[PDB]
Amino acid sequence: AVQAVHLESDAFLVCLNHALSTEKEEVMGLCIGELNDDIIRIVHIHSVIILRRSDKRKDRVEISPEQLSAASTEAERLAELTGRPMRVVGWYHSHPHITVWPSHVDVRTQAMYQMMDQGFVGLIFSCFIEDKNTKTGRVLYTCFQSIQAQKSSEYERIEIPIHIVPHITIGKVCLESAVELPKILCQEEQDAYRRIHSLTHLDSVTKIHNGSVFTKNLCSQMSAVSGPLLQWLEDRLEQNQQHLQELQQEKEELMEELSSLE
Amino acid sequence: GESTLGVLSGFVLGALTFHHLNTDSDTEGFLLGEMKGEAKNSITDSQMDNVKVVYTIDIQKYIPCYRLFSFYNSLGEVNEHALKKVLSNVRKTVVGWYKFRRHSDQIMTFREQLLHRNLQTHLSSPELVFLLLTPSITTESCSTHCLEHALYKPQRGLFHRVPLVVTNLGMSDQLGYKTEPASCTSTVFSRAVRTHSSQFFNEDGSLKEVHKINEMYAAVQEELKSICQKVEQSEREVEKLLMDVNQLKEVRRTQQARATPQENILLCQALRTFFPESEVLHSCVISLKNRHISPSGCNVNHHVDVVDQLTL
Amino acid sequence: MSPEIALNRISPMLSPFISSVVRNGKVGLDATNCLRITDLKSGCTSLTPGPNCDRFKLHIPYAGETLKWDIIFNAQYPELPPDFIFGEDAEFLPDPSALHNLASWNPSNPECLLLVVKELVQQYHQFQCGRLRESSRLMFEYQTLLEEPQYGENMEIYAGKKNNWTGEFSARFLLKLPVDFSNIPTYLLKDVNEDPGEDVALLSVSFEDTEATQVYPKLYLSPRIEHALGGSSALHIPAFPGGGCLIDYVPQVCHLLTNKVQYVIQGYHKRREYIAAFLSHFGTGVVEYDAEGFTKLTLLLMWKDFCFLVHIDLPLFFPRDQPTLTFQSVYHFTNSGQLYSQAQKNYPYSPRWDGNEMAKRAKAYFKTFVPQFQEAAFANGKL
Ligand SMILES: [Zn+2]
């Protein structure tokens, strides 16, 4: 069983931006990385894949072996592109307006995944917690595994130490993962519309209403997700230009300091 | 009776959290956006209220200050260059500033209060806000972390907390899609809907609005791909230049680093000061064989302290 | 975390500041002396190895109460000045003009943090007065004592928040008394690594009403002073008479404490003169002596190749009462198995003598009485 988890901030950012995308439902994804031994068994998570949940509902969070096949294919692709030994090592989901701790169903699912390999670890992000009494906001995250109880079945939780490795700059893999969220939302809306059109024998004014609903939904998606994401990327480009200028100034200053000194 | 809601985007909070997690220390920066005054469009209520006003503060971008005390001293005095510096960080409108303090109570510090007041003075914006984040680790096991954030604003000289909300897709997307046909046995209704269907329902099925919006979304998605490429290239340049600067800093500190008795002094000074002239010869050395004294020269010059009475 | 555990966890570049602060003990006059560091956290990426901690919470004892102040450094920028949080006491207005050691922050002096915190407490005192003034009546005392610098400037003050019912104020004055405790003797503690601290006497006065009625005085003493004067439960104090007259009450306690301290240190110095003279004379054969209080001495002498011991016991009232000599044989014990011994208390003595005269008369008494004692020990004692 795993003894520690290191998460690249590069991927923690993708997880956090995925968690804050929506409060109306719980969202999920998978974590790719490597197993390592040092000083102790550790899991280094490098990148994540965002996933679409079909069944939805409260507390009913599972990933299909189809999603596992897609994720393992992406893992092999990234392992060959990056030369890293990347396998699917974990999973994460969001608990909005809900305590960060796992439910007995979360733990049973973690155990069902450990049946694949006891080296599998779970993550949970507790998002926007509202408390007008304190008038403060809060956001938490935790890592966990499961153990068979002393008594029949009834698995129990166990905590895993998790740290964030300071990845000073953005990897391209995380940008290519973050831009998949708008694509997945648009694809979800499109699949809903396509399944709506299956009963072709339907009222025309009703089809206009459903088209208007589809347009309003994608307008909301662009106003709340794609638009702010694009604004963030432009702001980051401006920040990087200013930072490049400052670092060039500092490089010239240190070059002068070492040339004139000794 | 006035409220002052604070507003963010999920991505902005994510970016601040990321900038912090990359910094192995406290960090800080400025919050840029726009402030809009709206009159609370009362719900329920009566014509016997004092209708509240909401100063909604929309945070759009942040500018991180890469070193502490970049724009203030030990006493929170701002100094003039600070103004120039925040202008060099070419900007549109300032609205607040943020700070990350790892493991600290959610209450603004001595320096933070003085600094917020001085910034409100120097920027001529007496409606600034202070975003204080404290990340912390729970249970000692480092299995669970907690990021607690709050907004502060001055009112009665004292600073009070301000509500903060993060905009997300969940805010009333309200998917509808009516199923089950609204079928009518109306000849006139069917005739009219059918006549005017061609006007935007398109030919060979489909609907024109669906395709217009899909094309717009695909255009925005390709825009995102292009901006992703350009941001990736900027990140590569930043990585290279930062590694160069850090190597030169290592060389600088290394070059600067490499470029640069157990006797009773107090007893001897006290003994010499208590017997000036007379016998004087009294010292702390004696012959091991017979009980005759050996002289010692001592320091005789050290600065004495606590010279006190021998007997009252 | 105890200080001996905390000083191993702090970032090395910051350890000296907190080390100086702790080792100095207290900040102002404190009274309770319960100085401690409690909450101490990394304030850096969790993966930064070895000693790393730089944030902490400090319990400063002040005017019989305890201030809970959070202090913040950054390990990766040790040169930088600290930041402060004054717990739930939000109303605190520290004037940054009086913080010279903070304005001119210099890690060049390890005492810097201490000099900062000390000055901060001086402002906090003034801040309490600002709240205290809003209660009225009691300033009549504060002002009266402020016009006496030797008391006023060695002072601390506190006032409690308004009572939810009646709106009364509790208040406390604390004074460092200007008496010469410098010659008070030492005494060894069980732990030894314990420090008695600065030998001082503090006067605490508490008021429950917004007027000069029902006033509680208390006298706190440094452990050295308590041990020298024979314990706090063995001393009485003039009770507070009534009305407002701290300027006439404090001098009485000062005069009385100086009287008692002079009496006891006179006894101590006379005993030290006795032991010093007796060492100067017969140190060649010293066995043991009370180096902490000079109440006992034990010497070994020889008469015509026969050894004997003399124990000198000095009473509290040494300059008046005669010191008890006790001659003991080293070969004979009595029938009861106890050491054969004879005490002399009625012998040639004058309380007016000095150490040297007493040593001379003691050697004479030895030469005159040792044969009698030895004959008696041979006659009565058994080997
Ligand atoms: Zn769950």
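The residue numbers of chain A are those assigned by Swiss-Prot, with the residues present covering 8-46, 69-291 sequentially.
Determined via X-ray crystallography, 3.8 Å.
Each residue, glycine too, has its Cβ placed from N, Cα and C.
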Query = Out of A:94-107, A:122-135, A:276-289, which range is noted as motif 'JAMM motif' by Swiss-Prot?
reply = A:122-135
Ask   = Where ligand 1 binds, which of the recorded positions A:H122, A:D135, A:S233 are close by, with Cβ under 6 Å?
value = A:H122, A:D135
Key: For A:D135 (Zn(2+) binding site), nearby residues of its own chain (Cβ under 8 Å, 6 or more apart in sequence)   = A:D88, A:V90, A:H122, A:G151, A:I153
Key: Long-range neighbours of the motif 'JAMM motif' (A:122-135), counting only residues six or more past its ends (CB under 8 A)   = 25-26, 29-30, 33-36, 88-90, 151-159, 169-171, 173, 184, 186
Ask   = What does DSSP give as the helix, strand and coil breakdown of the motif 'JAMM motif' (A:122-135)?
value = 3 helix, 3 strand, 8 coil
Request  = Note down the number of other Cβ atoms within 10 Å of the Cβ of A:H122 (Zn(2+) binding site), including every protein chain shown.
outcome  = 22
Note = Cβ atoms other than its own within 10 Å of the Cβ of A:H124 (Zn(2+) binding site), all chains, total 23
Recorded positions satisfying Cβ distance under 8 Å to any chain B Cβ, from A:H122, A:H124, A:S233 = A:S233
Task = Specify the count of other C-beta atoms within 10 Å of the C-beta of A:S233 (phosphoserine).
result = 15
Query = Between A:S233 (phosphoserine) and A:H124 (Zn(2+) binding site), what C-alpha distance do you get in Å?
reply = 40
Ask   = Can you list the residues of the same chain, besides A:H122, A:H124, A:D135, whose Cβ falls within 8 Å of the Zn(2+) site's Cβ centroid?
value = A:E33, A:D88, A:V90, A:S123, A:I127, A:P131, A:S132, A:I153
